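Chains as they are written, first to last, in the UniProt record's numbering: chain A, 453 to 525; chain B, 78 to 152; chain C, 2 to 525; chain D, 2 to 525.
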Amino acid sequence: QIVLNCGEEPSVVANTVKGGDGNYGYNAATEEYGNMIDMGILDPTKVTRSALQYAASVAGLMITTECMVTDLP
Amino acid sequence: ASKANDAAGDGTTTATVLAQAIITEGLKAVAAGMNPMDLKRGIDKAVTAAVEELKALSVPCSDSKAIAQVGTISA
Amino acid sequence: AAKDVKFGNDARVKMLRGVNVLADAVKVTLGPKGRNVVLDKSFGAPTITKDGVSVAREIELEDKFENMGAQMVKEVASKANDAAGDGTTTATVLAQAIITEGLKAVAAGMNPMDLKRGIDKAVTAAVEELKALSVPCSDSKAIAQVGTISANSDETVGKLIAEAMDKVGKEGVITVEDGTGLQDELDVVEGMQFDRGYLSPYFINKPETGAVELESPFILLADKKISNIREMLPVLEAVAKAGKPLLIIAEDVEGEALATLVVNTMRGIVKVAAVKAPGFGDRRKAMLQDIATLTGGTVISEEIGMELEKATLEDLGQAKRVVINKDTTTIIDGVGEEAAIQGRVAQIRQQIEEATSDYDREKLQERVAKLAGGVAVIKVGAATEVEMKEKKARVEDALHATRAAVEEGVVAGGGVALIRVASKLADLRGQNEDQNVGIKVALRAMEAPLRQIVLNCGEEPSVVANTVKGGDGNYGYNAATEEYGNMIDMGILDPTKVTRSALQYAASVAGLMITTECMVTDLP
Amino acid sequence: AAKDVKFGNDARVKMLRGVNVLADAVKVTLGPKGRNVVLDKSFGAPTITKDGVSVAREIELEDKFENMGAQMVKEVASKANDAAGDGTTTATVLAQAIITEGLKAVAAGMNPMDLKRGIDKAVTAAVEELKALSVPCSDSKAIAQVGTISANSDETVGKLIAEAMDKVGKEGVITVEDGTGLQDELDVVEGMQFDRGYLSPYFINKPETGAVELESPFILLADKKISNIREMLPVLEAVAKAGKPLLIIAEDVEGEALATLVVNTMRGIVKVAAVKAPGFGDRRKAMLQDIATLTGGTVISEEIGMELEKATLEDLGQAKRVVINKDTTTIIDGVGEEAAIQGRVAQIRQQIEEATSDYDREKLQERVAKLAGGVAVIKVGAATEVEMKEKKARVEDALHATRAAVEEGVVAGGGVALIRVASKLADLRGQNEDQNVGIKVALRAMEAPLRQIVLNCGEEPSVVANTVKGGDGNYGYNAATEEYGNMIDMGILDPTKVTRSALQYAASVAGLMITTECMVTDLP
Ligand SMILES: [Mg+2]
């Protein structure tokens with residue numbers, strides 16, 4: 453999504469990042485590849501962890517819905 | 078998105094994206110004729126393993142520069 | 002002529018709706034206990050039938066696009082019948098099952114191209130499983146055995162089929178004629194069959210058959226392409242006064258002469274049919290002559306200087322009967338003198354002596370077979386004319402099954418063979434998850450003909466299918482007797498060739514629809 | 002009549018919708034794995050084809066204005082095929098891409114005049130890039146190499162193409178005839194080809210071909226314009242009695258005689274065709290005479306005092322075969338005596354001696370080439386008539402590609418060449434920002450045929466495109482085998498001329514639509 457918002461091929465950048473090891477990644481702001489930590493782009497562990505867990509908890513239940521009931525238009 | 082905000086106050090946009098990805102692929106799997114309840118368990122088990130991995134990758138942020146970098150990236 | 006265009010789901014959904022209507026109406030009559038359908042004649046009393054083919058032929062849909070879906074299935078189903086003699090209804094049933102589940106998969110976001118690929122892989126595996134399942138048919142007992150079964154348990158019909166094949170061989174030429182009296186007759190007479198179709202569909206005087214039957218017709222042999230009606234005139238007029246049908250063999254007939262004959266034949270003064278000569282180039286030269294000797298006719302060659310205008314009846318060959326189908330032409334009981342015919346054979350046998358090439362040896366040998374092998378025919382006798390013609394239809398139905406059975410052997414006919422193969426490759430998997438879905442759709446689709454049979458009978462489709470799955474080989478359920486056992490031994494089977502053709506055609510059309518992204522039609 | 006008028010966006014939006022319908026239906030069949038389209042013929046069974054040209058011909062839209070957009074694209078696409086032999090579907094694909102993005106740009110508020118200019122600049126740069134990219138095809142090995150590839154990997158087809166060119170020459174005249182036997186025949190016979198189309202489209206007896214084929218017809222040579230049917234009557238009646246087709250060469254034919262011949266030929270007693278004489282003024286005098294000597298016929302000149310009424314069969318030349326297309330006329334195997342024909346050549350060779358002008362020397366030399374060079378022909382042999390006719394179509398398709406290959410060389414045919422050129426001028430810039438946008442639209446549009454191929458195949462268009470971009474030269478992705486490599490070596494290529502023509506025509510129509518501010522049509 454970050455890459456998509458940058459007007460660049462999301463899959464292309466992902467394949468190159470996947471290819472790399474450790475902290476290697478793409479910097480959207482500078483449009484180039486390098487070590488994410490050296491650059492200064494940091495994600496607190498708590499937000500990263502929480503985002504993944506909250507998204508998954510609701511999503512797992514949501515995909516299992518067979519039938520929904522609601523008021524008429 | 079709201080729960081993520083409550084937990085840390087940041088990354089809410091990112092959390093929503095993950096929900097989008099999971100839901101779209103999950104529904105597609107349900108369409109395929111797979112049991113939804115099992116798919117949920119697979120997702121949850123993968124999540125539990127992913128969380129542990131994040132903890133191992135996580136390194137302490139103690140210096141002023143590191144703190145400044147997280148604030149700067151957030152803003 | 003404004004066009005209405007639909008793409009993606011809008012296009013595919015209409016095809017689905019169209020195919021389902023055709024399929025739903027035709028599937029009810031599939032079983033031995035199958036439900037009957039009533040077709041309404043425009044002016045009079047309605048006709049009721051359990052025959053899927055008649056039902057399918059009749060079906061046309063008001064809604065353009067939906068109509069196309071039904072028609073697309075009908076074309077492919079017709080082809081299966083053309084190459085197997087049976088299974089037209091079965092192919093349609095299989096087509097619906099594959100299409101309905103496959104379409105749901107494409108509209109579900111799964112890749113269509115992969116689904117086709119998965120389905121084809123399952124089909125390919127299924128065909129070989131059928132080959133292992135298949136019980137060979139070679140001996141006279143097997144020929145008669147399949148023939149009597151096809152003949153709806155009539156032992157005598159099977160007997161003539163086996164006897165016919167015994168007299169001229171498996172690949173020989175066998176034809177069926179109306180019986181003069183009560184007794185059934187088997188005769189061998191000089192005659193020839195070759196693979197050449199009819200130039201005009203309009204020529205057919207037997208619409209149920211789709212073939213043209215002529216009584217003791219004059220035969221015109223020509224060495225040149227015919228595009229002008231003028232050459233025909235002196236010979237054409239001569240046949241007209243005589244009052245007998247005329248058959249033409251030449252390089253080809255162009256629209257200038259062909260079109261006039263077509264209009265002339267359809268409710269006109271002189272009704273005639275024409276076909277292309279067998280072989281080509283140097284080979285046609287010898288073969289046309291073989292036909293000439295057989296019918297006692299005279300060949301007309303431009304090379305000689307002989308022309309069609311300069312011709313008479315004495316230059317025309319004769320045979321008691323001739324029949325022309327969509328792609329095959331055969332003649333019965335040529336008038337040519339036995340001395341001439343046998344002598345002609347001697348000339349060909351002498352020709353075989355150079356033996357320059359296996360192909361040339363073979364090709365000459367083939368000529369000997371057609372001219373000397375002869376044509377065996379069957380006359381069908383019965384107490385009443387209705388029974389006689391009805392019995393004749395049954396004989397012909399059995400003959401197609403016997404030839405199909407000879408070529409590939411036989412399999413259980415209760416839909417059981419599809420069941421048996423589907424269970425065998427349940428494990429089979431593909432590279433893509435979408436491909437895996439395609440495999441299940443194809444295998445699941447295979448089950449449907451059995452279930453349809455049971456559904457028609459008023460029995461539980463799921464219950465019977467489960468028990469059939471449990472057993473092995475040809476074991477299965479006979480809907481007519483409500484009994485479980487070896488379907489072949491019991492008396493229910495289909496030729497291996499027909500089962501295969503039905504399944505393959507159904508998969509071909511299904512995959513085809515799955516990959517179709519655009520439809521074009523006129524406005525309503 | 003009452004007219005419906007739309008301005009600006011209202012006009013352009015309808016053209017966009019119209020073009021998209023035509024484009025969407027035709028683009029699906031572009032790939033080797035291309036998806037098929039089902040067309041309703043009118044009566045009887047449906048027709049299913051992967052042929053974009055067949056689908057394009059059929060499309061007409063209910064909504065006026067939208068219909069015009071489709072038709073505007075169809076005309077230009079047809080022209081590309083006419084001047085290249087292929088790329089009709091490709092041109093349409095490119096046209097949609099340029100038009101859709103270009104129209105969004107004008108709607109957005111950017112200057113339309115500038116967008117056209119930017120697009121044209123990118124197109125012009127791209128054409129040169131194709132010229133550099135293109136691999137030469139001059140030797141027999143290259144001729145045969147391209148011919149077999151086009152012939153769907155059939156080595157024998159390529160061999161005959163090379164051999165034909167080897168005898169008559171690259172610029173010589175090569176024709177294809179149905180084969181009498183299994184063996185393929187290559188023969189050289191006296192004959193002449195010249196550029197002159199048929200006066201009436203109604204004359205065409207081969208609708209798939211778009212050309213008129215005549216068998217051993219009489220040839221009428223005249224020295225005057227013909228407007229009255231009376232002159233024709235004594236010769237006309239004579240040919241009808243003869244039973245052979247009649248071909249007419251003269252200054253021109255007026256509707257009084259032309260219209261009657263057209264009506265007479267369509268479902269009439271005598272079917273004939275006529276074309277205009279080659280050359281003009283003084284030159285035509287010699288040109289008609291050369292044809293006369295070749296055909297063995299007699300020229301009729303008003304100046305002499307000779308008239309058509311006073312002309313007999315003995316005054317008409319003959320050839321075994323003659324064909325006619327939209328703008329070209331050629332004759333095969335003229336009956337004229339070798340002594341007469343060769344002697345005539347000597348007279349012409351003698352004429353060359355004055356050498357008054359390079360133009361006159363050359364013009365006389367050209368006459369020598371046509372009269373003495375002759376026409377080479379190909380007969381196509383096959384096991385069965387369907388295969389023979391099918392194979393013949395393939396041979397003809399290969400020939401067009403081989404001539405185009407010879408004239409401008411070859412490039413990758415997977416849509417790869419457009420990809421390669423688009424990447425090469427990524428940094429090309431225009432004076433105006435709007436012009437820059439036009440440049441991107443054109444370059445981006447180029448990518449689409451590749452993506453369309455991949456989309457049809459069920460593979461990701463974006464993933465395949467990016468990898469293709471990475472490589473250099475003729476490197477690319479083969480959709481049929483799902484493998485990456487040198488497309489030319491692999492076996493996938495298009496003539497340089499066809500790719501160029503498709504791209505240029507697409508740009509021409511696209512720019513044209515962009516600058517159109519008003520549309521006029523009849524009420525519904
Ligand atoms: Mg933030």
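The beta-carbon is built from N, C-alpha and C at its ideal position, and this holds for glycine as well.
Which runs of the beta strand (DSSP E) at least 3 residues long sit entirely within the segment 324 to 395 of chain D? Give them in chain order. 330 to 335, 376 to 381
Is the beta carbon of A:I493 less than 9 Å from the beta carbon of A:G477? yes
Which whole runs of the beta strand (DSSP E) in the segment 432 to 482 of chain C are 3 residues long or more, in chain order? 476 to 479
Between the CA atoms of A:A481 and A:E461 - distance to the nearest angstrom: 15 Å
Please state if the CB of D:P218 and the CB of D:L248 are separated by a distance shorter than 9 Å. yes
Can you check whether the CB of C:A46 is closer than 9 Å to the CB of C:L23? no
For ligand 3, is there a heavy atom less than 8 Å away from the beta-carbon of B:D87? This structure simply doesn't include ligand 3; it includes ligand 1 instead.
Within the chosen definition, does the segment 449 to 467 of chain D reach the segment 412 to 426 of chain D through at least 3 CB pairs nearer than 8 Å? yes
Along the chain, where does the beta strand (DSSP E) that runs through A:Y506 open and close? Per DSSP, A:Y506 belongs to no beta strand (DSSP E); it is in the alpha helix (DSSP H), 497 to 515.
Taking the alpha-carbon positions, what's the D:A126 to D:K117 distance? 14 Å
Helix, strand or coil at B:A85 according to DSSP, with G and I counted as helix: coil
Leaving out five residues on either side along the sequence, give the residues of the same chain with a beta carbon under 8 Å from the beta carbon of D:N21. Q97, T101
Report the rounded CA-to-CA distance for B:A85 versus B:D121, giving the unit in angstroms. 21 Å
Please list the partners that A:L456 has in chain B, where partner means a Cβ-to-Cβ separation under 7 Å. Going along chain B, no residue has its Cβ under 7 Å from A:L456, so there is no contact; the nearest lies around 10 Å.
Check whether the Cβ atoms of C:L95 and C:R501 sit closer than 9 Å, and answer yes or no. no
For D:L183, the nearest candidate out of C:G282, C:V189, C:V124, C:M267 (CA to CA): C:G282
Is A:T497 near ligand 1, with its Cβ less than 8 Å from a heavy atom? no
So that I know if they touch, is there some Cβ in chain A lying closer than 9 Å to that of D:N467? yes
Proximal chain A residues relative to B:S135, where beta-carbon distance stays under 7 Å: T497
First and last residue of the uninterrupted alpha helix (DSSP H) at C:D5: Counting along the chain, C:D5 falls outside any alpha helix (DSSP H), though it belongs to the beta strand (DSSP E) covering 4 to 8.
Could you please give me the residues that DSSP links to C:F195 through a beta bridge? C:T330
With distances taken from CA atoms, which of C:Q505, C:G375, C:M520 is nearest C:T91? C:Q505
Endpoints, the beta strand (DSSP E) within which C:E484 is located: 484 to 487
Assigned secondary structure, D:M520 (DSSP; H/G/I helix, E/B strand, else coil): strand
For C:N112, which of C:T517, C:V381, C:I292 has the nearest alpha-carbon? C:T517
Shortest alpha-carbon distance to residue 1 of chain D belongs to which of D:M166, D:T210, D:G198, D:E209? No information on residue 1 of chain D is available, as it lies outside the stretch 2 to 525 that chain D covers here.
Could you tell me the alpha carbon to alpha carbon distance between C:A212 and D:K160, rounded to whole angstroms? 43 Å
Cα-Cα, which of C:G474, C:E484, C:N475 is closest to C:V465? C:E484
Taking the beta strand (DSSP E) that D:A274 falls in, what are its first and last residues? 274 to 277
Hey, quick one: how far does the alpha helix (DSSP H) through residue 1 of chain D stretch, first residue to last? This structure does not reach residue 1 of chain D, given that chain D is present from 2 up to 525, and the question cannot be answered.
Secondary structure at D:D283, three-state DSSP: helix, strand or coil? helix
Roughly how many whole angstroms lie between the Cα atoms of D:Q72 and D:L456? 25 Å
Under three-state DSSP, which class holds D:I305? coil
Among residues of its own chain, excluding the 5 on either side of C:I270, which ones have a beta-carbon nearer than 7 Å to its beta-carbon? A241
Could one say the Cβ of D:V464 lies closer than 9 Å to chain A's Cβ atoms, at least one of them? yes
What residue range does the alpha helix (DSSP H) around D:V147 cover? 141 to 151
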